[PDB]
Structures are given as C-alpha cells and as structure tokens.
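Worksheet for the structure shown next.
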4 protein chains.
Amino acid sequence: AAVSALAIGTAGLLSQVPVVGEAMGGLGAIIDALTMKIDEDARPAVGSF
Amino acid sequence: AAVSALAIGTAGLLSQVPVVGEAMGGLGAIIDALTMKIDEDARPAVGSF
Amino acid sequence: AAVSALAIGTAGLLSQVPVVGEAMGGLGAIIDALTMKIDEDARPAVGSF
Amino acid sequence: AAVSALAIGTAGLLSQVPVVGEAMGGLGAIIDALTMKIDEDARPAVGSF
C-alpha cells in the first residue's frame, strides 16, 4: 500500500507536472509572438525618416 | 535499505526540481520589468520628437 | 533500487546546476536587456541635443 | 522485475527530462546576446542624430 501510494505520488508529479510543463517555456514561447511585434512599429519610424 | 535510499533520493533530489524551478521561474519572469523599462526612455524619445 | 537511487542523486545535481546556473542565464538576459535600455537612453540624449 | 522496471524508468527519465532542462534553460538564456545586439544597432541611430 505504501509502494502503491509512492507510485501514485511519483505519477502525480512525474506523470503529470512535466507534461503540464509547457506552462513555462511553452506559454513562455508566446513571448516571441508578442515581443516580435515591436517590429510592426520599427518600420513606421523609418517611414517617418 | 535500498528502497528507503531510493525514497530519500526522490524525496530530496526529485523534489529538488519543484524547489529549484523557482529560480528559472523568478529570474525568467523578471526579464519582464527589466526589458519593460525601455519604456522609461521611450517617452524621452517621444519628447525629443 | 540502489542504482536508481545513485542515478537520481546525480540527476539531482545535473538538474540543479542547470536550473540555477541558467536562472543566472535569465539574469544574463536581464543584464543584456539593461544594455539595450542603456543605449535606449543615448538615443533620447542625442535626440534632445 | 516490476520495481526494477519502475526504478529504471525513474532513473532513465530523471537523468533525461530535468537535466534536459538545459534545453529550455540554454535556448532561453541564449535570447540574451541575440536580443542584446539591438544595442550595437542602437548606436547607429544615435550616429543618425
């Protein structure tokens, strides 16, 4: 019962949290999609120049 | 002895990455404000214009 | 159990070292962002002149 | 058999996934220099002021 409880524990962490892991780095990659867009306003300055 | 050693191994050194993940969490997050502050000098750029 | 305890021990160190050291790598991105911030001051300065 | 399989499963994956944290940490940290050089191109605009 203790070994099955440990098995449930290591599942509850390692079977789940690493798969959920995208909440850092995955949702972190979305920084790209919303930093990049400073480039949308890079050219408008140039157009003015 | 070996199973309790493994149990200690995970309870200390798997639990490590939940404990230590706060480092790449925090110092990964804090890139936010310390990029953001380009906006402090963006306004002086506008004021130039 | 013994060999996995040993391998999880080493995996502890070999994940703690990255997740701390590359948090200081996140601080690298902070420092580099601050260099962008610093040159984003020189822009307004010569702008103002 | 099953406990050694579980043991090997955890050993093989902890010597993998959180050590492989070097992927998110590395290619995350390396955002540093390759954002940074917006500064080396910031100075050319100051030269254009």
Side-chain angles (χ1 to χ4, degrees), chain A residues 13 16-49, chain B residues 15-49, chain C residues 13-49, chain D residues 17-49:
Chain A
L13 198 165
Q16 298 174 231
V17 174
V19 182
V20 168
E22 59 170 311
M24 274 291 288
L27 302 184
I30 302 174
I31 298 162
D32 85 0
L34 297 165
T35 48
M36 194 187 197
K37 291 193 172 190
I38 293 159
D39 85 337
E40 294 186 347
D41 289 299
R43 272 158 267 149
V46 190
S48 88
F49 310 154
Chain B
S15 72
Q16 164 274 133
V17 74
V19 165
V20 172
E22 182 268 354
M24 288 220 289
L27 290 176
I30 292 161
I31 296 160
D32 70 356
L34 305 180
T35 54
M36 195 198 194
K37 283 179 176 283
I38 285 160
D39 82 351
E40 294 182 351
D41 295 302
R43 299 173 195 183
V46 173
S48 306
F49 311 143
Chain C
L13 298 176
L14 294 170
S15 57
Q16 189 267 2
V17 163
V19 181
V20 173
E22 303 193 314
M24 309 308 287
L27 227 169
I30 279 150
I31 289 157
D32 288 3
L34 290 164
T35 69
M36 300 194 290
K37 205 282 195 191
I38 286 157
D39 287 358
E40 273 281 298
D41 192 4
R43 283 170 150 197
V46 179
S48 77
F49 306 158
Chain D
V17 183
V19 177
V20 167
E22 282 178 335
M24 284 307 324
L27 295 178
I30 293 161
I31 299 164
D32 71 355
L34 303 177
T35 52
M36 194 191 195
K37 280 182 172 288
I38 293 161
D39 85 327
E40 282 197 323
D41 276 345
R43 275 167 245 176
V46 185
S48 81
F49 299 141

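Residue numbers start from 1 in every chain, and the chains themselves are labelled A, B, ... in the order their sequence lines are given, proteins ahead of strands.
Between B:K37 and C:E40 no salt bridge is recorded (no basic side-chain N to carboxylate O distance below 4.0 Å).
Taking CD1 of D:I38 as the start and OG1 of C:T35 as the end, the distance is 9.5 Å to the nearest 0.5 Å.
Residues C:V19 and C:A23 share a closest heavy-atom pair of O-CB, 3.4 Å. In plain terms, the two heavy atoms of D:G21 and C:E22 that are nearest each other are O-OE1, 4.1 Å. Between C:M36 and D:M36, the closest heavy-atom pair is CG-O, 3.7 Å. Closest of all the heavy-atom pairs between B:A45 and C:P44 is N-CG, 3.8 Å. D:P18 and C:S15 make their closest contact through O-CB, 3.3 Å (heavy atoms, listed as atom of the first residue, atom of the second, distance). Shown here for B:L27 and C:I30, the closest heavy-atom pair between the two residues is O-CD1, 3.6 Å.
Evaluation of the salt bridge (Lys or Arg N to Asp or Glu O under 4.0 Å) rule for A:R43 yields A:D39 as partners, not counting sequence neighbours.
Two residues are said to be in side-chain contact when any heavy atoms from C-beta on lie closer than 4.5 Å; D:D32 and C:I31 fail this criterion.
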